[PDB]
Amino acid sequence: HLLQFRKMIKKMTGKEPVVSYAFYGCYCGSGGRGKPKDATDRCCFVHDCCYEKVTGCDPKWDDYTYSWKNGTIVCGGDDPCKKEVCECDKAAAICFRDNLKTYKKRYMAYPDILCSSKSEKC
């Protein structure tokens, strides 16, 4: 669920997820088109593609089971669709942390008109 995803981004980056990531670049908001603007945005692009692959449950609005073991996020439960969603979210929140070095504030509420037409393929 969206709020579990937000918990993981806050924990992994220290950044409050909504102003810092919900509108970043060409892919971090609802939708997405064009070419990813930088690595953070490319994290959002892989996360969008990861969600498109989920058949069987709602990626944005169902809850999954995860817990924190020794500094890392562990996706569990016995529903394979929900755990698949959890793995998308975990992967994106780690990717955000690893690309915190190139994070540009100029891309934080990026104008959708600046995103190319030619959308990158997954």
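From 1 onward, residues are counted along the sequence shown.
Between the stretches 71-79 and 34-42, it is 71-79 that shows the larger average CA temperature factor. The stretch with the higher mean CA B factor, choosing between 56-64 and 84-92, is 56-64. Ranked by Cα temperature factor within the chain, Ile113 sits in the highest third according to the deposited record. Ranked by Cα temperature factor within the chain, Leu2 sits in the middle third according to the deposited record.
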